[PDB]
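Colleague: My questions all concern the structure below.
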Amino acid sequence: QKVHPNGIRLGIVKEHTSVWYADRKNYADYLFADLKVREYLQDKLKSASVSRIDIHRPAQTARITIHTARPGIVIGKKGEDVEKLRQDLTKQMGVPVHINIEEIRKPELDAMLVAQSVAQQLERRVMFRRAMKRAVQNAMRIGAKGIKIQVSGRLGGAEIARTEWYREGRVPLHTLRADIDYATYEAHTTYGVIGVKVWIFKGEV
Amino acid sequence: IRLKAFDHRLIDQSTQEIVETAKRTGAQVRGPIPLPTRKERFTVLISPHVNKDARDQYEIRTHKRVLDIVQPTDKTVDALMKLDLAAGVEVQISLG
Amino acid sequence: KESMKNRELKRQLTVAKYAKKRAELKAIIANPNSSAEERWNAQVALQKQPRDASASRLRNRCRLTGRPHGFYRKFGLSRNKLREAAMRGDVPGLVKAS
Amino acid sequence: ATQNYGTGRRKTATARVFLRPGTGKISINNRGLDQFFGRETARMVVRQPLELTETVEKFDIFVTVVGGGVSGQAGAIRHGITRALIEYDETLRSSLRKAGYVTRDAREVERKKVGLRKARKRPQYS
Amino acid sequence: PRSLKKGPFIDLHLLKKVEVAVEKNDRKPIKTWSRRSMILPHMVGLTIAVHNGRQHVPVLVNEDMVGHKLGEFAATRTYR
Amino acid sequence: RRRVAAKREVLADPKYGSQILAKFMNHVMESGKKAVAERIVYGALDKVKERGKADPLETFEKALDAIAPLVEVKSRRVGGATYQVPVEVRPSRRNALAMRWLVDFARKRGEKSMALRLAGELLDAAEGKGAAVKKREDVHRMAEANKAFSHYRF
RNA sequence: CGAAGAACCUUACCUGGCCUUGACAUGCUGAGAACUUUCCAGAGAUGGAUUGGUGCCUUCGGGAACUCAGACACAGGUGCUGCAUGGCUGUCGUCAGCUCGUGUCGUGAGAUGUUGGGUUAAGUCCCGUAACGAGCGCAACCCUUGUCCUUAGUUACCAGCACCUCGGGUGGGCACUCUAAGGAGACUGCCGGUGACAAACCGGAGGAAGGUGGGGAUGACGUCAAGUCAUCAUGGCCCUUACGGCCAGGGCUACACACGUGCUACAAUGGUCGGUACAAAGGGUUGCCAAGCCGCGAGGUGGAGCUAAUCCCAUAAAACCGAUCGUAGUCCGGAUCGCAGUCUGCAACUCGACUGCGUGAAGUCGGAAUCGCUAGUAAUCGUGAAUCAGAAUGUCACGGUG
Ligand SMILES: [Mg+2]
Ligand SMILES: [Mg+2]
Ligand SMILES: [Mg+2]
């Protein structure tokens with residue numbers, strides 16, 4: 001059922017989030033670094049929303065480009081968090097670490113940034129649909145050509161597992177030529193676990 | 001010279017970054033030669049609790065690529081190695 | 001469990017702790033030119049070590065999950081954490097093919 | 001010159017066939033033709049495009065074939081020599097298009113698929 | 001099995017609880033959980049309490065028991 | 001059932017120069033053992049030339065046409081009564097019926113020296129005392145008891 | 001069938017031995033650097049000895065680092081709920097459908113579009129028409145195989161050239177095969193007939209390929225409160241001097257029976273012996289483990305070469321040639337079982353795999369029934385990989401003959 005919309009297009013649309021060659025004797029000693037970096041960084045940057053954390057390995061050290069749509073929260077008073085983490089990313093990843101920060105201008109057209117706001121609204125006890133009818137039209141005044149948002153879970157009920165489904169525009173999924181974003185962020189309410197899926201469709205080719 | 005990377009939109013696009021940037025400095029470097037390709041299939045099971053006949057199988061590639069100088073007189077590419085390494089290319093040197 | 005990862009963490013210490021004498025005690029026995037008197041007292045030093053030093057007691061579990069079955073050694077991941085981490089573009093050079 | 005180069009592939013085989021004027025010199029991998037293909041009907045199948053175009057006595061034939069199976073190499077020569085005979089002209093083109101010799105046989109082996117056991121055989125249920 | 005390069009097998013704590021326990025002769029059974037070791041002509045005629053799995057059972061050592069290990073003389077599974 | 005089936009052709013017999021014998025050779029081959037089955041068909045061909053002075057192709061040409069039948073039944077059920085209808089055997093089909101009957105009775109001949117089993121089968125059918133000829137004519141007798149059902153509820 | 005590997009470990013269960021802020025997290029109070037102790041008791045857990053070590057940054061005050069004890073919150077749970085749920089997969093089904101906007105008809109639930117004629121693998125198209133449009137799907141976009149062209153020549157390649165010890169061995173060559181990058185080629189294009197001449201259909205030429213060339217990935221709205229709380233994540237509920245931890249042995253491999261898949265066989269399209277011919281694909285510096293060498297044989301020595309188109313794994317088997325075998329429960333078949341060995345591992349008793357020697361069974365093509373497959377396909381013969389100290393008749397994968 002609906003094979004993951006990145007794993008079919010690694011190639012014709014998108015590329016990896018981490019590029020580095022490794023021998024067969026060190027391949028599984030760089031993965032375990034790069035997988036507990038991403039669990040570390042998102043638990044620290046719970047605010048100052050983060051979409052993508054890329055990692056390059058040049059000759060013998062590192063490079064990391066953390067993407068936020070609000071860089072001023074992370075770079076606060078000239079890198080009081082930047083040099084503080086750069087001391088302490090080396091303690092998990094023994095090479096010296098670079099940290100680079102870009103902007104995510106138009107923050108309402110990347111799926112991770114959108115779906116983090118859905119968990120925020122649905123844990124403030126906002127209505128399950130008034131939160132989302134406004135979170136699609138706002139992401140259609142500027143930008144995209146199609147948006148699907150599925151909201152599944154407890155949805156407040158007693159024994160209820162309904163799925164909200166609202167769509168606008170055009171979203172293909174069996175065209176490999178197209179360009180689709182995808183993100184699943186969850187939510188822990190005072191009862192039940194709500195999972196949210198987002199399918200922002202940018203332009204094709 | 002021998003090169004190892006993971007996608008042909010880097011490693012066969014960095015040879016021109018070496019062939020042009022060494023033949024400019026006088027020394028003759030011939031055309032690069034392809035090698036056979038590493039191919040490794042990984043068939044993994046997909047269901048958490050068991051249903052065996054649903055599977056999924058991947059493949060990891062490794063492209064190789066060999067250069068060939070004629071007259072070694074340039075240490076220009078020795079300084080221009082951090083330029084010619086970009087993201088995932090490894091270069092072992094065989095300066096023939 | 002979590003108490004079960006912890007007891008198979010210290011097995012990896014005790015194997016990598018001694019790790020050199022047991023090469024020597026198995027260098028003595030394996031020689032055809034070795035004398036059995038030099039072999040018989042070498043048998044004494046093996047069995048008086050704690051038995052959690054051999055590699056056969058060691059069990060390569062998944063590093064992020066801990067599940068025993070479904071482990072690969074070209075990665076460090078399980079059978080079902082490897083799929084979720086590969087669809088998100090993390091593992092470099094890995095695609096689907098035919 | 002008069003040396004003519006002919007290649008031909010069938011069932012993962014590959015045959016270098018050289019063709020030049022001579023007197024019945026049929027040699028393959030420094031072996032005679034009757035000695036190389038041991039006890040099969042394909043000893044005559046390599047001659048079938050040759051005796052169709054009435055040139056069985058008028059050429060030297062030097063063949064080097066690699067890979068493939070036993071009777072798959074014999075088909076590689078038969079496809080291989082037909083490409084070498086049509087370097088001359090297209091007089092024998094219609095004599096071979098009608099004969100069904102020029103087209104390379106595309107039928108290659110098929111891969112094992114999951115759930116199945118062979119390429120298409122699947123286990124028995126009840 | 002257990003090829004003749006590495007000839008015998010016996011356990012270390014069992015050996016000192018037998019070879020010294022020969023010097024004061026058979027007035028007690030030997031209670032031992034070990035089952036991986038053979039019996040030897042240094043031990044002909046003793047009394048061993050081999051661990052069943054939930055108790056110890058006595059063993060009358062004879063002269064023609066020499067090659068076989070202790071495991072063939074303790075039970076495992078009942079099947080009444 | 002859209003009609004699909006095209007035609008594939010096998011016609012190769014260089015050491016004798018024949019066409020019917022090559023198609024007959026395919027009904028003897030088991031599991032792709034072609035070179036084994038090739039020397040048995042020639043092995044039962046030369047014993048006929050050892051037996052009869054005539055060219056043993058014509059013995060094989062005669063032995064087909066005394067095993068090959070003319071009409072046969074076809075149990076087309078009306079949907080409430082099981083009927084059988086004697087039908088005219090198509091001229092393309094009637095070659096393979098004899099060649100398939102011939103081999104299956106050779107395997108139960110019960111002799112020694114396997115090429116002698118098939119040798120005796122091709123000798124009898126130039127006369128009519130073969131078990132394939134007796135199996136031919138018995139099915140011929142089944143059609144005339146069936147001949148009442150030739151057109152009517154057929 | 002989770003299980004891509006149960007001798008112990010894994011392992012949850014059983015019998016005991018043994019712990020109580022705990023194997024682990026944070027906060028508190030003291031204590032010492034950490035370390036090394038090469039020792040006995042004990043099945044071990046553990047308990048007690050135990051030469052030694054005395055760091056490290058110093059506002060020189062100490063700090064941080066580790067290790068030991070005390071006490072509190074607690075830690076922990078493979079305990080119940082898959083009908084409290086997220087996540088992830090099966091299924092109908094790769095089946096051709098499933099819906100919306102505006103409009104009109106109907107008191108209303110509805111309906112129309114989406115029906116009719118033709119046609120298609122196809123809700124694919126054409127002509128029609130109170131509906132006009134739009135989305136999801138189908139098609140194409142992707143991969144691979146088959147033809148040719150360009151760019152490229154070592155470790156690959158040998159047509160031309162000498163060389164040779166006759167091995168591309170060597171000089172050499174860039175013709176080639178091969179390898180892999182980038183391209184062209186196929187569109188009912190063209191010919192004829194057929195249809196409303198309109199989609200299309202039947203023939204035809206050319207062409208490596210002819211009518212989605214062959215294969216693969218790609219499974220719509222949904223269904224079965226289908227499955228999983230034991231992969232992981234979580235609401236609640238219980239245990240918290242044990243439903244949690246620690247260590248030995250045992251166990252999951254027991255055994256009148258019944259059912260499911262799978263392998264050999266039942267012979268002469270065979271069985272042995274002696275020669276002899278041709279593959280793809282893949283793994284290997286915590287490894288492969290050659291030559292020589294000793295063994296009836298599995299192997300033991302021996303240590304090269306090797307970080308890989310180089311070195312090793314590594315000998316493809318069926319086929320072919322000659323011989324015997326005369327259709328006999330057998331020069332068939334190999335289960336069982338006695339004896340003797342090697343290999344891994346601390347350890348082959350319950351419980352490993354192979355080797356030698358001996359013994360030789362049932363089985364003479366198998367009821368009612370019942371399943372797989374339309375072409376490089378069924379059928380038959382080998383080879384490799386993952387998991388892995390050791391251990392495949394299974395799983396995945398590649399080729400022969402056809
Ligand atoms: Mg039908
Ligand atoms: Mg409909
Ligand atoms: Mg193994």
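By order of appearance in the structure tokens: chains A, B, ..., then residues from 1 within every chain, and ligands from 1 in the order shown.
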I need the contact residues of chain C against chain B, so if you could list those with any atom within 8 Å, counting only C-alpha atoms, and return them as a VMD selection string, that would help.

Modeller: chain C and resid 79 to 80 83 92 to 97

Colleague: Quick check for you: according to DSSP on this backbone, which residues of range 61-152 of chain A are classed as strand (DSSP E or B)? Reply as a CSV table (one decimal) with N, CA, C and O atoms, in the first residue's frame.

Modeller:
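And here is the file that came out, out-v7.csv:
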chain,number,residue,atom,x,y,z
A,63,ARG,N,31.1,17.9,7.7
A,63,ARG,CA,30.4,19.1,7.4
A,63,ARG,C,28.9,18.8,7.6
A,63,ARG,O,28.4,17.7,7.2
A,64,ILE,N,28.2,19.7,8.3
A,64,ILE,CA,26.8,19.6,8.6
A,64,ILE,C,26.1,20.9,8.2
A,64,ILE,O,26.5,22.0,8.6
A,65,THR,N,25.0,20.8,7.4
A,65,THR,CA,24.2,22.0,7.1
A,65,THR,C,22.8,21.9,7.7
A,65,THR,O,21.9,21.3,7.1
A,66,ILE,N,22.6,22.4,8.9
A,66,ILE,CA,21.2,22.4,9.6
A,66,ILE,C,20.4,23.5,8.9
A,66,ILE,O,20.8,24.6,8.8
A,67,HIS,N,19.2,23.1,8.5
A,67,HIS,CA,18.2,24.0,7.9
A,67,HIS,C,17.2,24.4,8.9
A,67,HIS,O,16.5,23.6,9.4
A,68,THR,N,17.0,25.7,9.1
A,68,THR,CA,15.9,26.3,9.9
A,68,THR,C,15.3,27.4,9.1
A,68,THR,O,15.9,28.1,8.3
A,100,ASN,N,26.6,24.7,9.7
A,100,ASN,CA,26.3,25.7,8.8
A,100,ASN,C,24.8,25.8,8.7
A,100,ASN,O,24.1,24.8,8.8
A,101,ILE,N,24.2,27.1,8.6
A,101,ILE,CA,22.8,27.3,8.8
A,101,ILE,C,22.3,28.2,7.6
A,101,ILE,O,22.8,29.3,7.4
A,102,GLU,N,21.3,27.7,6.9
A,102,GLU,CA,20.6,28.4,5.9
A,102,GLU,C,19.2,28.8,6.3
A,102,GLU,O,18.8,28.5,7.4
A,146,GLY,N,-0.7,21.3,-5.3
A,146,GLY,CA,-1.6,20.3,-4.7
A,146,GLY,C,-1.1,19.9,-3.3
A,146,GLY,O,0.1,19.8,-3.1
A,147,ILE,N,-2.0,19.8,-2.4
A,147,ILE,CA,-1.7,19.3,-1.0
A,147,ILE,C,-2.7,18.3,-0.6
A,147,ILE,O,-3.9,18.5,-0.7
A,148,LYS,N,-2.2,17.2,-0.1
A,148,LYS,CA,-3.0,16.2,0.7
A,148,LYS,C,-2.6,16.3,2.1
A,148,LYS,O,-1.3,16.3,2.4
A,149,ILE,N,-3.5,16.2,3.1
A,149,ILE,CA,-3.2,16.0,4.5
A,149,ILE,C,-4.1,15.0,5.1
A,149,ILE,O,-5.3,15.2,5.1
A,150,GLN,N,-3.5,13.9,5.5
A,150,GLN,CA,-4.3,12.9,6.2
A,150,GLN,C,-4.0,13.0,7.7
A,150,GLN,O,-2.9,13.2,8.1
A,151,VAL,N,-5.1,13.0,8.5
A,151,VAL,CA,-5.0,13.0,10.0
A,151,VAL,C,-5.7,11.8,10.5
A,151,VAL,O,-7.0,11.7,10.4
A,152,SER,N,-5.0,10.9,11.0
A,152,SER,CA,-5.5,9.6,11.5
A,152,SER,C,-5.2,9.5,13.0
A,152,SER,O,-4.2,10.1,13.5

Colleague: Neighbouring residues of ligand 3 are defined here as those with any atom at most 10 Å from a ligand atom, counting only C-alpha atoms (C1' of nucleotides) and all ligand atoms; list them as a PyMOL selection string.

Modeller: chain G and resi 5+386-392

Colleague: Of the residues G:33, G:323, G:209, G:221, which is the one nearest to ligand 2, using only C-alpha atoms (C1' of nucleotides) and all ligand atoms?

Modeller: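 Using only C-alpha atoms (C1' of nucleotides) and all ligand atoms, ligand 2 sits closest to G:221.
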
Colleague: What parts of range 76-181 of chain A does DSSP call alpha helix (DSSP H)? I'd like the answer as a PyMOL selection string.

Modeller: chain A and resi 82-89+111-121+130-141

Colleague: Within 12 Å of ligand 1, counting only C-alpha atoms (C1' of nucleotides) and all ligand atoms: which residues, as a VMD selection string?

Modeller: chain F and resid 1 to 3

Colleague: Output N, CA and C atoms for every residue in the selection just made, as a CSV table (one decimal), in the first residue's frame.

Modeller:
chain,number,residue,atom,x,y,z
F,1,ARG,N,-11.5,-15.5,-24.3
F,1,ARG,CA,-10.4,-16.2,-25.0
F,1,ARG,C,-10.3,-15.5,-26.4
F,2,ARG,N,-9.5,-14.4,-26.4
F,2,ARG,CA,-9.1,-13.9,-27.7
F,2,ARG,C,-8.1,-14.8,-28.4
F,3,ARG,N,-8.3,-15.0,-29.7
F,3,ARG,CA,-7.5,-15.9,-30.4
F,3,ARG,C,-6.1,-15.3,-30.6

Colleague: Just checking: using only C-alpha atoms (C1' of nucleotides), which residue out of G:3, G:257, G:346, G:138 ends up closest to residue 49 in chain B?

Modeller: G:3

Colleague: List all protein, DNA and RNA residues that have at least one atom no more than 12 Å from any atom of ligand 2, counting only C-alpha atoms (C1' of nucleotides) and all ligand atoms, and write them as a PDB file with N, CA, C and O atoms (P, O5', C5', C4', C3', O3' and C1' of nucleotides), in the first residue's frame.

Modeller:
ATOM      1  P     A G  96      -9.935  -5.527 -15.834  1.00  0.00           P
ATOM      2  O5'   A G  96     -10.602  -4.095 -15.662  1.00  0.00           O
ATOM      3  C5'   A G  96     -12.014  -3.965 -15.557  1.00  0.00           C
ATOM      4  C4'   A G  96     -12.408  -2.630 -14.984  1.00  0.00           C
ATOM      5  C3'   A G  96     -12.435  -1.475 -15.977  1.00  0.00           C
ATOM      6  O3'   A G  96     -13.420  -0.527 -15.574  1.00  0.00           O
ATOM      7  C1'   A G  96     -10.872  -1.012 -14.294  1.00  0.00           C
ATOM      8  P     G G  97     -14.956  -0.697 -16.003  1.00  0.00           P
ATOM      9  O5'   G G  97     -15.715  -0.725 -14.611  1.00  0.00           O
ATOM     10  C5'   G G  97     -15.820   0.449 -13.822  1.00  0.00           C
ATOM     11  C4'   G G  97     -14.971   0.366 -12.580  1.00  0.00           C
ATOM     12  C3'   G G  97     -15.293   1.383 -11.496  1.00  0.00           C
ATOM     13  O3'   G G  97     -16.360   0.970 -10.656  1.00  0.00           O
ATOM     14  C1'   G G  97     -12.977   1.403 -11.914  1.00  0.00           C
ATOM     15  P     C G  98     -17.539   1.988 -10.251  1.00  0.00           P
ATOM     16  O5'   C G  98     -16.850   2.983  -9.228  1.00  0.00           O
ATOM     17  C5'   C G  98     -16.342   2.498  -7.999  1.00  0.00           C
ATOM     18  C4'   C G  98     -15.553   3.550  -7.271  1.00  0.00           C
ATOM     19  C3'   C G  98     -16.267   4.861  -7.035  1.00  0.00           C
ATOM     20  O3'   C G  98     -17.174   4.812  -5.953  1.00  0.00           O
ATOM     21  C1'   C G  98     -14.086   5.285  -7.827  1.00  0.00           C
ATOM     22  P     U G  99     -18.413   5.826  -5.913  1.00  0.00           P
ATOM     23  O5'   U G  99     -17.789   7.150  -5.297  1.00  0.00           O
ATOM     24  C5'   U G  99     -18.344   8.420  -5.586  1.00  0.00           C
ATOM     25  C4'   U G  99     -17.318   9.507  -5.424  1.00  0.00           C
ATOM     26  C3'   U G  99     -17.784  10.915  -5.747  1.00  0.00           C
ATOM     27  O3'   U G  99     -18.480  11.519  -4.673  1.00  0.00           O
ATOM     28  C1'   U G  99     -15.689  10.509  -6.772  1.00  0.00           C
ATOM     29  P     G G 113     -25.456  10.207 -17.881  1.00  0.00           P
ATOM     30  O5'   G G 113     -24.622  11.085 -18.900  1.00  0.00           O
ATOM     31  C5'   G G 113     -23.213  11.112 -18.819  1.00  0.00           C
ATOM     32  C4'   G G 113     -22.720  12.392 -18.205  1.00  0.00           C
ATOM     33  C3'   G G 113     -21.276  12.381 -17.756  1.00  0.00           C
ATOM     34  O3'   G G 113     -20.371  12.571 -18.823  1.00  0.00           O
ATOM     35  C1'   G G 113     -22.621  13.379 -16.095  1.00  0.00           C
ATOM     36  P     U G 114     -19.692  11.324 -19.571  1.00  0.00           P
ATOM     37  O5'   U G 114     -19.923  10.079 -18.609  1.00  0.00           O
ATOM     38  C5'   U G 114     -19.452   8.796 -18.999  1.00  0.00           C
ATOM     39  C4'   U G 114     -19.733   7.716 -17.982  1.00  0.00           C
ATOM     40  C3'   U G 114     -21.199   7.371 -17.736  1.00  0.00           C
ATOM     41  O3'   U G 114     -21.276   5.982 -17.430  1.00  0.00           O
ATOM     42  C1'   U G 114     -20.195   7.953 -15.714  1.00  0.00           C
ATOM     43  P     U G 115     -21.425   4.878 -18.586  1.00  0.00           P
ATOM     44  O5'   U G 115     -22.902   4.322 -18.374  1.00  0.00           O
ATOM     45  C5'   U G 115     -23.553   3.572 -19.383  1.00  0.00           C
ATOM     46  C4'   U G 115     -24.968   4.041 -19.575  1.00  0.00           C
ATOM     47  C3'   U G 115     -25.523   3.853 -20.973  1.00  0.00           C
ATOM     48  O3'   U G 115     -26.035   2.551 -21.181  1.00  0.00           O
ATOM     49  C1'   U G 115     -25.948   6.062 -20.250  1.00  0.00           C
ATOM     50  P     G G 123     -13.156  -0.403 -20.261  1.00  0.00           P
ATOM     51  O5'   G G 123     -13.285   1.176 -20.407  1.00  0.00           O
ATOM     52  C5'   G G 123     -14.167   1.937 -19.584  1.00  0.00           C
ATOM     53  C4'   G G 123     -13.736   3.382 -19.512  1.00  0.00           C
ATOM     54  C3'   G G 123     -12.473   3.637 -18.692  1.00  0.00           C
ATOM     55  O3'   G G 123     -11.715   4.686 -19.289  1.00  0.00           O
ATOM     56  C1'   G G 123     -14.223   4.939 -17.844  1.00  0.00           C
ATOM     57  P     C G 221      -6.680   5.593  -2.349  1.00  0.00           P
ATOM     58  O5'   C G 221      -8.249   5.693  -2.140  1.00  0.00           O
ATOM     59  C5'   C G 221      -8.915   6.928  -2.325  1.00  0.00           C
ATOM     60  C4'   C G 221     -10.404   6.736  -2.361  1.00  0.00           C
ATOM     61  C3'   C G 221     -10.985   5.970  -1.189  1.00  0.00           C
ATOM     62  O3'   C G 221     -11.203   6.787  -0.055  1.00  0.00           O
ATOM     63  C1'   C G 221     -11.846   5.102  -3.213  1.00  0.00           C
TER      64        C G 221
END

Colleague: Residues of chain E within 10 Å of chain G, counting only C-alpha atoms (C1' of nucleotides), what are they? List them as a PyMOL selection string.

Modeller: chain E and resi 1-4+9+11+13-14+31-38+50-55+68-79

Colleague: Distance table requested - chain G against chain F, cut-off 10 Å, only C-alpha atoms (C1' of nucleotides): one row per qualifying residue with the closest atom pair and its distance in Å to one decimal, ordered by chain and rising residue number, as a tab-separated table.

Modeller:
residue	atom	partner	partner_atom	distance
G:268	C1'	F:113	CA	6.8
G:269	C1'	F:37	CA	6.1
G:318	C1'	F:33	CA	9.0
G:319	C1'	F:35	CA	7.5
G:320	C1'	F:35	CA	9.2
G:326	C1'	F:112	CA	7.5
G:327	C1'	F:112	CA	6.7
G:374	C1'	F:5	CA	8.8
G:375	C1'	F:8	CA	9.6
G:378	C1'	F:31	CA	9.2
G:379	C1'	F:31	CA	4.5
G:380	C1'	F:31	CA	5.1
G:401	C1'	F:32	CA	5.7
G:402	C1'	F:32	CA	4.3

Colleague: Using only C-alpha atoms (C1' of nucleotides), which chain G residues lie at most 9 Å away from chain C, written as a ChimeraX atom specification?

Modeller: /G:3-4,8-10,23-24,76-78,143-144,216-217,231-232,245,301,345-346,386-387,389

Colleague: Just to confirm, what's the straight-line distance from CA of residue 197 in chain A to CA of residue 50 in chain B in Å (one decimal)?

Modeller: 25.6 Å

Colleague: Nearest residue to chain C out of A:109, A:135, A:155, A:183, using only C-alpha atoms?

Modeller: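 Closest to chain C, using only C-alpha atoms: A:183.
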
Colleague: Name all residues at most 9 Å from residue 41 in chain D (count only C-alpha atoms (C1' of nucleotides); drop same-chain ones fewer than 6 positions away) and give them as a ChimeraX atom specification.

Modeller: /F:12-15,35

Colleague: Please, which residues of chain A lie no more than 12 Å from chain B when the count uses only C-alpha atoms, and can they be set out as a PyMOL selection string?

Modeller: chain A and resi 1+3+7-8+10-12+15-24+54-60+62-63

Colleague: Distance cut-off 9 Å, counting only C-alpha atoms - which residues of chain B neighbour chain D? Return them as a VMD selection string.

Modeller: chain B and resid 52 to 55

Colleague: Pick the closest to residue 153 in chain A from G:92, G:40, G:84, G:196: which is it, counting only C-alpha atoms (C1' of nucleotides)?

Modeller: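 Distance minimum relative to residue 153 in chain A lands on G:84.
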